[PDB]
file run.cif (mmCIF, C-alpha atoms)
data_upload
#
loop_
_atom_site.label_atom_id
_atom_site.label_comp_id
_atom_site.auth_asym_id
_atom_site.auth_seq_id
_atom_site.Cartn_x
_atom_site.Cartn_y
_atom_site.Cartn_z
CA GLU A 3 -29.91 -16.53 -73.47
CA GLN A 4 -29.28 -15.41 -69.89
CA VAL A 5 -29.37 -17.96 -67.06
CA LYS A 6 -29.21 -17.58 -63.28
CA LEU A 7 -27.45 -19.69 -60.64
CA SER A 8 -29.32 -22.79 -59.50
CA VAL A 9 -27.75 -25.14 -56.94
CA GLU A 10 -29.44 -28.44 -56.08
CA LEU A 11 -28.45 -30.89 -53.34
CA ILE A 12 -28.57 -34.28 -55.06
CA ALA A 13 -26.69 -36.48 -52.55
CA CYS A 14 -26.08 -36.77 -48.82
CA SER A 15 -24.85 -39.55 -46.52
CA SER A 16 -27.45 -42.15 -45.52
CA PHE A 17 -26.56 -43.66 -42.14
CA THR A 18 -27.31 -47.06 -40.60
CA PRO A 19 -25.79 -48.08 -37.23
CA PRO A 20 -24.24 -51.55 -36.78
CA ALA A 21 -26.72 -54.03 -35.28
CA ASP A 22 -24.60 -55.21 -32.33
CA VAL A 23 -23.51 -51.71 -31.25
CA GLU A 24 -25.65 -50.35 -28.39
CA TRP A 25 -26.27 -46.77 -29.56
CA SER A 26 -29.21 -44.54 -30.54
CA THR A 27 -29.54 -40.93 -31.75
CA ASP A 28 -32.19 -38.25 -32.41
CA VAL A 29 -31.05 -37.27 -35.94
CA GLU A 30 -31.08 -39.18 -39.26
CA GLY A 31 -28.35 -39.35 -41.92
CA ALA A 32 -25.05 -37.48 -42.22
CA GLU A 33 -25.11 -35.88 -38.75
CA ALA A 34 -25.70 -39.27 -37.12
CA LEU A 35 -22.68 -40.54 -39.09
CA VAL A 36 -20.41 -37.74 -37.80
CA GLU A 37 -21.72 -38.46 -34.28
CA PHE A 38 -20.98 -42.20 -34.61
CA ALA A 39 -17.47 -41.50 -35.94
CA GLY A 40 -16.82 -39.19 -32.97
CA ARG A 41 -18.00 -41.62 -30.29
CA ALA A 42 -16.20 -44.50 -32.07
CA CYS A 43 -12.89 -42.90 -31.05
CA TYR A 44 -13.69 -43.89 -27.44
CA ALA A 55 -25.73 -35.90 -24.85
CA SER A 56 -27.91 -35.27 -27.93
CA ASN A 57 -26.70 -34.99 -31.55
CA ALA A 58 -26.80 -31.17 -31.71
CA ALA A 59 -25.06 -30.90 -28.33
CA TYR A 60 -22.36 -33.33 -29.46
CA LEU A 61 -21.64 -31.75 -32.87
CA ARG A 62 -21.34 -28.34 -31.20
CA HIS A 63 -18.59 -29.80 -29.00
CA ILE A 64 -16.77 -31.34 -32.00
CA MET A 65 -16.66 -27.91 -33.68
CA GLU A 66 -15.76 -26.11 -30.43
CA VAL A 67 -12.66 -28.25 -29.86
CA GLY A 68 -12.00 -28.14 -33.61
CA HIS A 69 -11.71 -31.84 -34.42
CA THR A 70 -12.86 -31.35 -38.02
CA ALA A 71 -11.34 -34.67 -39.18
CA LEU A 72 -14.63 -36.28 -38.10
CA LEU A 73 -16.61 -34.21 -40.63
CA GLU A 74 -14.71 -36.05 -43.39
CA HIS A 75 -17.00 -39.11 -43.20
CA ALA A 76 -20.14 -37.22 -44.25
CA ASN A 77 -20.37 -36.28 -47.94
CA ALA A 78 -22.69 -34.10 -50.03
CA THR A 79 -23.12 -33.70 -53.80
CA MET A 80 -24.33 -30.58 -55.61
CA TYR A 81 -25.65 -30.15 -59.14
CA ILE A 82 -24.79 -26.57 -60.07
CA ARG A 83 -26.31 -24.81 -63.09
CA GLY A 84 -25.99 -21.17 -64.21
CA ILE A 85 -22.33 -20.88 -63.20
CA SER A 86 -19.89 -19.17 -65.59
CA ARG A 87 -16.72 -20.84 -66.92
CA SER A 88 -14.58 -18.51 -64.76
CA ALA A 89 -16.40 -19.29 -61.48
CA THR A 90 -16.22 -22.98 -62.42
CA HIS A 91 -12.43 -22.56 -62.75
CA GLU A 92 -12.31 -20.94 -59.30
CA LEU A 93 -14.38 -23.86 -57.98
CA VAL A 94 -12.05 -26.57 -59.35
CA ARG A 95 -9.08 -24.86 -57.67
CA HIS A 96 -10.41 -26.58 -54.54
CA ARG A 97 -8.61 -29.89 -54.97
CA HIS A 98 -10.48 -32.04 -52.42
CA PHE A 99 -13.67 -31.96 -54.51
CA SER A 100 -14.56 -34.42 -57.25
CA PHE A 101 -16.07 -33.00 -60.44
CA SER A 102 -18.16 -33.95 -63.44
CA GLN A 103 -18.48 -31.06 -65.90
CA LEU A 104 -20.57 -30.64 -69.06
CA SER A 105 -18.32 -31.39 -72.04
CA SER A 114 -26.60 -21.22 -75.87
CA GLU A 115 -26.54 -20.15 -72.21
CA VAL A 116 -24.67 -17.20 -70.68
CA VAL A 117 -24.08 -15.97 -67.11
CA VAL A 118 -24.15 -12.20 -66.50
CA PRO A 119 -22.30 -10.66 -63.51
CA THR A 120 -24.61 -8.96 -60.98
CA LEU A 121 -22.85 -5.61 -61.46
CA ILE A 122 -23.67 -5.65 -65.19
CA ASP A 123 -27.11 -7.29 -64.82
CA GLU A 124 -28.43 -4.49 -62.56
CA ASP A 125 -27.76 -1.94 -65.31
CA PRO A 126 -30.02 -2.36 -68.39
CA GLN A 127 -27.65 -0.24 -70.50
CA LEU A 128 -24.67 -2.43 -69.56
CA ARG A 129 -26.65 -5.66 -69.98
CA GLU A 130 -27.65 -4.67 -73.53
CA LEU A 131 -23.95 -4.16 -74.32
CA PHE A 132 -22.93 -7.41 -72.58
CA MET A 133 -25.53 -9.50 -74.44
CA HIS A 134 -24.43 -7.85 -77.70
CA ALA A 135 -20.85 -9.00 -77.03
CA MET A 136 -22.18 -12.50 -76.24
CA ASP A 137 -23.80 -12.57 -79.69
CA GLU A 138 -20.55 -11.32 -81.29
CA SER A 139 -18.66 -14.28 -79.79
CA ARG A 140 -21.38 -16.74 -80.87
CA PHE A 141 -21.31 -15.31 -84.42
CA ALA A 142 -17.51 -15.58 -84.49
CA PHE A 143 -17.74 -19.14 -83.12
CA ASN A 144 -20.31 -20.32 -85.70
CA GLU A 145 -18.39 -18.70 -88.57
CA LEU A 146 -15.02 -20.22 -87.59
CA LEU A 147 -16.57 -23.66 -87.02
CA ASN A 148 -18.08 -23.66 -90.52
CA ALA A 149 -14.79 -22.71 -92.19
CA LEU A 150 -12.92 -25.35 -90.15
CA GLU A 151 -15.41 -28.08 -91.12
CA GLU A 152 -15.17 -27.05 -94.80
CA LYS A 153 -11.72 -28.61 -95.17
CA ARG A 163 -10.92 -34.30 -86.88
CA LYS A 164 -14.23 -32.44 -86.47
CA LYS A 165 -13.86 -32.93 -82.70
CA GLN A 166 -10.68 -30.87 -83.13
CA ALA A 167 -12.48 -28.22 -85.21
CA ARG A 168 -14.97 -27.69 -82.37
CA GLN A 169 -12.31 -27.32 -79.64
CA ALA A 170 -10.37 -24.86 -81.82
CA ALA A 171 -13.49 -22.75 -82.40
CA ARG A 172 -14.32 -22.81 -78.66
CA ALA A 173 -11.26 -20.56 -78.14
CA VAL A 174 -13.35 -17.46 -78.96
CA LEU A 175 -16.05 -18.28 -76.38
CA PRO A 176 -16.15 -15.89 -73.38
CA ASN A 177 -15.73 -16.62 -69.64
CA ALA A 178 -19.46 -15.94 -69.19
CA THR A 179 -20.38 -19.20 -70.99
CA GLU A 180 -22.55 -21.32 -68.68
CA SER A 181 -21.17 -24.64 -67.47
CA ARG A 182 -23.07 -27.36 -65.61
CA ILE A 183 -21.13 -29.18 -62.90
CA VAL A 184 -21.59 -32.05 -60.44
CA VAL A 185 -19.48 -31.49 -57.31
CA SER A 186 -18.89 -33.85 -54.37
CA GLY A 187 -16.80 -33.46 -51.23
CA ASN A 188 -16.91 -34.22 -47.52
CA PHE A 189 -18.35 -31.77 -44.98
CA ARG A 190 -14.88 -30.50 -44.02
CA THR A 191 -14.11 -29.73 -47.69
CA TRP A 192 -17.45 -27.89 -47.92
CA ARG A 193 -16.83 -26.02 -44.65
CA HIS A 194 -13.46 -25.00 -46.08
CA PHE A 195 -14.89 -23.91 -49.46
CA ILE A 196 -17.65 -21.82 -47.83
CA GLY A 197 -15.33 -20.32 -45.19
CA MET A 198 -12.95 -19.03 -47.88
CA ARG A 199 -15.35 -17.98 -50.65
CA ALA A 200 -18.46 -16.74 -48.80
CA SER A 201 -16.36 -14.29 -46.73
CA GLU A 202 -14.16 -12.41 -49.24
CA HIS A 203 -15.68 -9.68 -51.42
CA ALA A 204 -13.94 -10.20 -54.05
CA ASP A 205 -14.89 -12.37 -55.80
CA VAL A 206 -18.62 -11.77 -56.42
CA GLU A 207 -19.88 -14.84 -58.34
CA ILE A 208 -17.96 -17.46 -56.31
CA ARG A 209 -19.50 -15.94 -53.15
CA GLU A 210 -23.05 -16.39 -54.44
CA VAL A 211 -22.21 -20.00 -55.35
CA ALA A 212 -20.74 -20.57 -51.86
CA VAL A 213 -23.71 -18.96 -50.07
CA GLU A 214 -26.22 -21.05 -52.05
CA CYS A 215 -24.21 -24.22 -51.29
CA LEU A 216 -24.18 -23.40 -47.55
CA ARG A 217 -27.94 -22.72 -47.58
CA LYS A 218 -28.64 -26.22 -48.92
CA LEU A 219 -26.16 -27.73 -46.44
CA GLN A 220 -27.89 -25.91 -43.56
CA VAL A 221 -31.14 -27.65 -44.50
CA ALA A 222 -29.34 -31.02 -44.73
CA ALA A 223 -27.02 -30.60 -41.72
CA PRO A 224 -28.29 -27.82 -39.38
CA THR A 225 -25.64 -28.28 -36.65
CA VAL A 226 -22.54 -28.86 -38.81
CA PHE A 227 -23.28 -25.63 -40.71
CA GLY A 228 -25.20 -23.58 -38.09
CA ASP A 229 -22.18 -21.51 -37.01
CA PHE A 230 -22.26 -19.69 -40.36
CA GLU A 231 -24.40 -16.54 -40.44
CA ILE A 232 -25.83 -15.45 -43.80
CA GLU A 233 -26.19 -11.67 -44.11
CA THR A 234 -27.16 -9.33 -46.95
CA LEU A 235 -24.73 -6.50 -47.67
CA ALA A 236 -25.60 -2.90 -48.61
CA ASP A 237 -25.22 -3.68 -52.34
CA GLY A 238 -27.75 -6.54 -52.17
CA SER A 239 -25.36 -9.50 -52.43
CA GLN A 240 -25.06 -12.04 -49.61
CA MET A 241 -22.13 -13.24 -47.52
CA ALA A 242 -21.54 -15.81 -44.77
CA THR A 243 -19.16 -15.58 -41.80
CA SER A 244 -18.16 -17.80 -38.87
CA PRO A 245 -16.47 -17.05 -35.50
#
call {"tool": "encode", "arguments": {"input": "run.cif", "output": "structure tokens"}}
result
Amino acid sequence: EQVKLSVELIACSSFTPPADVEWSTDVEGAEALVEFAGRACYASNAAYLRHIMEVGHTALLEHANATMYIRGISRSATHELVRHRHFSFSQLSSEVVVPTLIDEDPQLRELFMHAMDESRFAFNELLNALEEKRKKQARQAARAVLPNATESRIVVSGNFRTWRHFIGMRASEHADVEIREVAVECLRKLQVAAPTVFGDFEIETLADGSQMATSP
């Protein structure tokens, strides 16, 4: 069965100022935390976070964290995701993800889904023969025939700087296609959660229908 990408923001930083500190702000949560961390080194929130980014003191963004639950991401794009070492992961220990270039062609999709069945048939058949004559090891041996398109479900956490770095690298290049879509959907959720920290990124749709994000 074919599944599509679904990214859900499941965690963000909840902020509470210290009682004795004389300080108030217009925003609530992670952006108030980044503002507190900035002022703690020595007008409004959005004006202040614009200045942090302008001077490029991104070490302050490391206090705010966000967690994503990502579904409908292939094993290969999950491998590209875990290459980013400053994230923490929890991965799922049948569903299949089809590349956009194949999905937009019904002829190619029919052939892709046929190959997905072939792999599943080969997996089931090998697993049976392995369990005929320890069974945890029979499953992980049989999994060797499973394609890169196999859907994985992953919980991913990192600070705002780690996110800004992931988006800035993946949502810009072309190359690769799936990891872009993941990065654009992550940014979109982060722009709802933290408008100013992630407002410099501009989401645009390309000629071929896929989206990308760039920053000056």
call {"tool": "atom_distance", "arguments": {"input": "run.cif", "atom1": "CA of residue 228 (chain A)", "atom2": "CA of residue 186 (chain A)"}}
result
20.3 Å
call {"tool": "resolve_selection", "arguments": {"input": "run.cif", "expression": "the PyMOL selection byres ((chain A and resi 75) around 10)", "output": "PDB file with C-alpha atoms, in the frame of the given file"}}
result
ATOM      1  CA  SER A  15     -24.850 -39.550 -46.520  1.00  0.00           C
ATOM      2  CA  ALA A  32     -25.050 -37.480 -42.220  1.00  0.00           C
ATOM      3  CA  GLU A  33     -25.110 -35.880 -38.750  1.00  0.00           C
ATOM      4  CA  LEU A  35     -22.680 -40.540 -39.090  1.00  0.00           C
ATOM      5  CA  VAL A  36     -20.410 -37.740 -37.800  1.00  0.00           C
ATOM      6  CA  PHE A  38     -20.980 -42.200 -34.610  1.00  0.00           C
ATOM      7  CA  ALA A  39     -17.470 -41.500 -35.940  1.00  0.00           C
ATOM      8  CA  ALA A  71     -11.340 -34.670 -39.180  1.00  0.00           C
ATOM      9  CA  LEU A  72     -14.630 -36.280 -38.100  1.00  0.00           C
ATOM     10  CA  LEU A  73     -16.610 -34.210 -40.630  1.00  0.00           C
ATOM     11  CA  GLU A  74     -14.710 -36.050 -43.390  1.00  0.00           C
ATOM     12  CA  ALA A  76     -20.140 -37.220 -44.250  1.00  0.00           C
ATOM     13  CA  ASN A  77     -20.370 -36.280 -47.940  1.00  0.00           C
ATOM     14  CA  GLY A 187     -16.800 -33.460 -51.230  1.00  0.00           C
ATOM     15  CA  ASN A 188     -16.910 -34.220 -47.520  1.00  0.00           C
ATOM     16  CA  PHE A 189     -18.350 -31.770 -44.980  1.00  0.00           C
ATOM     17  CA  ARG A 190     -14.880 -30.500 -44.020  1.00  0.00           C
TER      18      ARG A 190
END
call {"tool": "resolve_selection", "arguments": {"input": "run.cif", "expression": "the PyMOL selection byres ((chain A and resi 232) around 8)", "output": "MDAnalysis selection string"}}
result
chainID A and resid 213 230:231 233:234 240:243
call {"tool": "write_last_selection", "arguments": {"input": "run.cif", "atoms": "C-alpha atoms", "output": "PDB file, in the coordinates of the input"}}
result
ATOM      1  CA  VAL A 213     -23.710 -18.960 -50.070  1.00  0.00           C
ATOM      2  CA  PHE A 230     -22.260 -19.690 -40.360  1.00  0.00           C
ATOM      3  CA  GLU A 231     -24.400 -16.540 -40.440  1.00  0.00           C
ATOM      4  CA  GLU A 233     -26.190 -11.670 -44.110  1.00  0.00           C
ATOM      5  CA  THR A 234     -27.160  -9.330 -46.950  1.00  0.00           C
ATOM      6  CA  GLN A 240     -25.060 -12.040 -49.610  1.00  0.00           C
ATOM      7  CA  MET A 241     -22.130 -13.240 -47.520  1.00  0.00           C
ATOM      8  CA  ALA A 242     -21.540 -15.810 -44.770  1.00  0.00           C
ATOM      9  CA  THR A 243     -19.160 -15.580 -41.800  1.00  0.00           C
TER      10      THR A 243
END
call {"tool": "atom_distance", "arguments": {"input": "run.cif", "atom1": "CA of residue 214 (chain A)", "atom2": "CA of residue 67 (chain A)"}}
result
27.0 Å
call {"tool": "resolve_selection", "arguments": {"input": "run.cif", "expression": "the PyMOL selection byres ((chain A and resi 182) around 9)", "output": "PyMOL selection string"}}
result
chain A and resi 81-86+90+102-105+180-181+183-184
call {"tool": "residues_near_point", "arguments": {"input": "run.cif", "point": "(-24.4, -20.5, -49.6)", "cutoff": "12 Å", "atoms": "only C-alpha atoms", "output": "PyMOL selection string"}}
result
chain A and resi 7-11+80+192-193+195-201+207-221+227-228+230-234+239-243
call {"tool": "atom_distance", "arguments": {"input": "run.cif", "atom1": "CA of residue 123 (chain A)", "atom2": "CA of residue 238 (chain A)"}}
result
12.7 Å
call {"tool": "closest_residue", "arguments": {"input": "run.cif", "among": "A:145, A:151, A:69, A:191", "to": "residue 43 (chain A)", "atoms": "only C-alpha atoms"}}
result
A:69
call {"tool": "closest_residue", "arguments": {"input": "run.cif", "among": "A:178, A:59, A:222, A:37", "to": "residue 6 (chain A)", "atoms": "only C-alpha atoms"}}
result
A:178
call {"tool": "residues_around", "arguments": {"input": "run.cif", "residues": "residue 142 (chain A)", "least_positions_apart": "5", "cutoff": "10 Å", "atoms": "only C-alpha atoms", "output": "list in words"}}
result
residues 136, 137, 147, 171, 172, 174 and 175 of chain A
call {"tool": "closest_residue", "arguments": {"input": "run.cif", "among": "A:44, A:206, A:165, A:61", "to": "residue 122 (chain A)", "atoms": "all atoms listed in the file"}}
result
A:206
call {"tool": "closest_residue", "arguments": {"input": "run.cif", "among": "A:79, A:57, A:120, A:244", "to": "residue 25 (chain A)", "atoms": "only C-alpha atoms"}}
result
A:57
call {"tool": "decode", "arguments": {"input": "run.cif", "residues": "region 179-204 of chain A", "atoms": "N, CA and C atoms", "output": "JSON list (two decimals), in the first residue's frame"}}
result
[["chain", "number", "residue", "atom", "x", "y", "z"],
["A", 179, "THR", "N", 10.54, 1.12, 1.36],
["A", 179, "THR", "CA", 9.85, 0.70, 2.58],
["A", 179, "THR", "C", 9.68, 1.88, 3.54],
["A", 180, "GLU", "N", 8.44, 2.12, 3.96],
["A", 180, "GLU", "CA", 8.13, 3.22, 4.87],
["A", 180, "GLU", "C", 8.71, 2.97, 6.26],
["A", 181, "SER", "N", 9.32, 4.00, 6.82],
["A", 181, "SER", "CA", 9.73, 3.99, 8.22],
["A", 181, "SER", "C", 9.08, 5.16, 8.95],
["A", 182, "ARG", "N", 8.79, 4.94, 10.23],
["A", 182, "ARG", "CA", 8.21, 5.98, 11.07],
["A", 182, "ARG", "C", 9.24, 6.41, 12.10],
["A", 183, "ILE", "N", 9.49, 7.72, 12.19],
["A", 183, "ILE", "CA", 10.60, 8.23, 12.99],
["A", 183, "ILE", "C", 10.25, 9.46, 13.84],
["A", 184, "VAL", "N", 10.70, 9.43, 15.09],
["A", 184, "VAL", "CA", 10.59, 10.57, 16.00],
["A", 184, "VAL", "C", 11.94, 11.28, 16.03],
["A", 185, "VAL", "N", 11.95, 12.56, 15.70],
["A", 185, "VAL", "CA", 13.19, 13.33, 15.56],
["A", 185, "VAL", "C", 13.17, 14.63, 16.35],
["A", 186, "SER", "N", 14.15, 14.78, 17.24],
["A", 186, "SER", "CA", 14.30, 15.98, 18.06],
["A", 186, "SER", "C", 15.65, 16.64, 17.83],
["A", 187, "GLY", "N", 15.66, 17.96, 17.89],
["A", 187, "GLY", "CA", 16.88, 18.75, 17.79],
["A", 187, "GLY", "C", 16.57, 20.19, 18.13],
["A", 188, "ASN", "N", 17.59, 20.95, 18.49],
["A", 188, "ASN", "CA", 17.41, 22.37, 18.75],
["A", 188, "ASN", "C", 17.15, 23.15, 17.46],
["A", 189, "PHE", "N", 16.75, 24.41, 17.61],
["A", 189, "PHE", "CA", 16.39, 25.26, 16.47],
["A", 189, "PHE", "C", 17.53, 25.47, 15.48],
["A", 190, "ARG", "N", 18.75, 25.54, 16.00],
["A", 190, "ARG", "CA", 19.95, 25.69, 15.17],
["A", 190, "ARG", "C", 20.19, 24.44, 14.31],
["A", 191, "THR", "N", 19.98, 23.27, 14.91],
["A", 191, "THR", "CA", 20.09, 21.99, 14.20],
["A", 191, "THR", "C", 19.03, 21.89, 13.10],
["A", 192, "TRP", "N", 17.82, 22.37, 13.40],
["A", 192, "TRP", "CA", 16.73, 22.43, 12.42],
["A", 192, "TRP", "C", 17.02, 23.42, 11.30],
["A", 193, "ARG", "N", 17.47, 24.62, 11.67],
["A", 193, "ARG", "CA", 17.86, 25.65, 10.71],
["A", 193, "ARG", "C", 18.95, 25.15, 9.77],
["A", 194, "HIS", "N", 19.84, 24.32, 10.31],
["A", 194, "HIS", "CA", 20.93, 23.73, 9.54],
["A", 194, "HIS", "C", 20.45, 22.61, 8.62],
["A", 195, "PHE", "N", 19.53, 21.79, 9.11],
["A", 195, "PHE", "CA", 18.94, 20.71, 8.30],
["A", 195, "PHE", "C", 18.14, 21.26, 7.12],
["A", 196, "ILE", "N", 17.30, 22.25, 7.39],
["A", 196, "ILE", "CA", 16.47, 22.89, 6.37],
["A", 196, "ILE", "C", 17.32, 23.63, 5.34],
["A", 197, "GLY", "N", 18.30, 24.39, 5.82],
["A", 197, "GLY", "CA", 19.18, 25.19, 4.96],
["A", 197, "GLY", "C", 20.05, 24.38, 4.00],
["A", 198, "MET", "N", 20.24, 23.10, 4.31],
["A", 198, "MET", "CA", 21.05, 22.21, 3.48],
["A", 198, "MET", "C", 20.20, 21.34, 2.56],
["A", 199, "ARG", "N", 19.04, 20.91, 3.06],
["A", 199, "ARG", "CA", 18.21, 19.95, 2.34],
["A", 199, "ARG", "C", 17.10, 20.57, 1.50],
["A", 200, "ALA", "N", 16.54, 21.68, 1.97],
["A", 200, "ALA", "CA", 15.44, 22.35, 1.27],
["A", 200, "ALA", "C", 15.92, 23.26, 0.12],
["A", 201, "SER", "N", 17.23, 23.32, -0.08],
["A", 201, "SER", "CA", 17.82, 24.18, -1.11],
["A", 201, "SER", "C", 18.33, 23.40, -2.34],
["A", 202, "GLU", "N", 19.01, 22.28, -2.10],
["A", 202, "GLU", "CA", 19.56, 21.45, -3.17],
["A", 202, "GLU", "C", 18.43, 20.66, -3.87],
["A", 203, "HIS", "N", 18.72, 20.03, -5.01],
["A", 203, "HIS", "CA", 17.65, 19.71, -5.99],
["A", 203, "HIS", "C", 16.94, 18.33, -6.13],
["A", 204, "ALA", "N", 17.57, 17.15, -6.09],
["A", 204, "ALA", "CA", 18.93, 16.80, -5.64],
["A", 204, "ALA", "C", 19.20, 17.04, -4.15]]
